[PDB]
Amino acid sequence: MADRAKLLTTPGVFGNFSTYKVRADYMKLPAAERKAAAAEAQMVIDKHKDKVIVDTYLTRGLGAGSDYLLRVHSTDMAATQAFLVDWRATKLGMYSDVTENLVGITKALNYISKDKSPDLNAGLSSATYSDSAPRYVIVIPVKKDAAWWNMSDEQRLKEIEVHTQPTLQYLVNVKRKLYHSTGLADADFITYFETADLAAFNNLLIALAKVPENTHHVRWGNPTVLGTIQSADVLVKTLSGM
């Protein structure tokens, strides 16, 4: 059976990110049909609970790319697909147009490992989030240029150490997670963040804009997906006028 804490903290897990706009004729449906949408959403999540985990987020009003985001994990990529196929059959899903959908895999540390960069690795492992419960999500797709990948392992390691040094301080108020996507999407990475403090988040990304690694980005957003963390019930009720 699928265990949430394990799926969120181990290598080899597929993360499937999808954003949707609600079609204009959804709100033209009868109120009873929309009232029932929330229970249909919970049933489809529950149907797939032995294979996948699902998180929901409200993006309407915080960007033009979408109205909501789904983050789905499984050790089986096709299982994420099957969940999303069934989601699209729900009442809300049927009235949802997909606007972005990126997949990636979690991996062991390539750079800031105990073996390769022990001091920074220690700071990474010892950090503790100490703020209020996160309220916001940010997803940033990232793609690096050919020049980056053609640099040596040693050159890249140095640039990732420079990425890490000024950002460790933000682990008190930003949670991060990295997925790897080269060959599976038009991105090298999907980056995922949770925070209560968007002022801090803006400062964190400014810090990263200022390092030489940033000279290699050909995608660093587009979209930058900003949303609020919501339960599935609240999300679907909100989008259904319920």
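In this text, residue numbers run from 1 along the sequence as written.
The deposited model assigns a higher average Cα B-factor to 228-236 than to the other stretch when 228-236 and 215-223 are compared. The mean C-alpha temperature factor is higher for 110-118 when 110-118 and 96-104 are set side by side.
Across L204, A41, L58, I190, the greatest Cα temperature factor reported in the deposited entry is at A41. Between the residues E194, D67, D186, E33, it is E33 that shows the highest Cα B-factor in the PDB record. Among the modelled residues of its chain, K91 has a C-alpha B-factor that falls in the highest third, as given in the PDB entry. Sort the chain's modelled residues by C-alpha temperature factor and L198 lands in the lowest third, per the entry. Sort the chain's modelled residues by C-alpha temperature factor and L124 lands in the highest third, per the entry. In the PDB entry, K177 places in the lowest third of its chain by CA B-factor. Ranked by C-alpha B-factor against the other modelled residues of its chain, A209 falls in the lowest third.
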